[PDB]
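[1] Sequence isn't available, so here's the structure alone:
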């Protein structure tokens, strides 16, 4: 059985592999189940063993490893220098060198 | 193959040059301001990132074959694990069953290879 614990994030833009390990002194104790996105704040839903929490004081602290990555939002097609009369065959593919990763502009 | 009844949309795939692309749900596909499709799935293999798409078959007769791909987005934090640290002077009280920890106690380190 598990007890649900929660954590608010310093960065609202936090993505995490659904159901990732939760460690303490090297041993796993639970997993993250859900991630809530209320407004411009992010809060984590944790779930850890119902009896293991006796080994974690209330005033503990948290470390989250990770990387800075690109959170895409949409995908647009762009008309070229000269448009080809041929349309797009199904199952076709566009390589990486034809893809442009962009930042959106904020007022 | 065999014929589809209705609303039969086709697929087109995209290679992301930077492995590490995650994508927001509700990801739609546009072309000159018209929404034409959606994104099915995402996968990773080798050191590359695949993308499968779903575009309405009728709207593909208008997308040129030599069209480039634009992908908007914002840089975000790609978390991997959650760890706990014993405070310098720990509290005798164990963790309450429904405890909350705001951003104050959370620390967001980068990874090492």
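    All right, it came through fine. Numbers count the residues shown, from 1 in each chain, chains lettered A, B, ... in the order given.
[2] Quick check: the most centrally placed residue in chain A vs residue B:22, distance?
    The residue at the geometric middle of chain A, judged as the C-alpha nearest the mean C-alpha position with C-alpha atoms, centre = their mean, is residue A:15 (1.3 Å). Remark: distance between residue A:15 and residue B:22 (C-beta to C-beta, to the nearest Å) = 5 Å. In short, each C-beta sits where N, CA and C put it, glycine included.
[3] which neighbours do these two share?
    Taking C-beta atoms under 8 Å, 6 or more residues apart in numbering or on different chains as the criterion, residue A:15 and residue B:22 both touch A:69, A:71, B:76, B:78.
[4] Skipping its backbone neighbours, what lies nearest the second one in space?
    Of all residues beyond its chain neighbours, the one nearest residue A:71 is residue B:76 (3.9 Å), with distances taken as C-beta to C-beta, 6 or more residues apart in numbering or on different chains.
[5] Run through the neighbouring helices and strands of the helix or strand containing that neighbour.
    Assigned by DSSP states H and E, residue B:76 falls within strand B:68-79. Contact here means 3 or more C-beta pairs under 8 Å, 6 or more residues apart in numbering or on different chains; DSSP states H and E; on that basis strand B:68-79 packs against strand A:14-16, strand A:66-78, strand A:99-101, strand B:21-23.
[6] Partner strands of the first one and their direction?
    Read that as strand A:14-16. Here strand A:14-16 has these sheet partners by DSSP bridges: strand B:68-79 (parallel).
[7] contacts for the strand it pairs with?
    Judged by C-beta under 8 Å, 6+ apart, the contacts made with strand B:68-79 from elsewhere in the structure are A:11, A:13-17, A:20, A:64-78, A:80, A:94, A:98-104, B:14, B:16, B:20-24, B:108.
[8] which of these are buried?
    The neighbour-count test (16 or more other C-beta atoms under 10 Å in any protein chain shown) applied to the contacts of strand B:68-79 identifies A:13-16, A:64-66, A:69-72, A:74-77, A:94, A:98-99, A:101, B:14, B:16, B:21-23, B:108 as buried.
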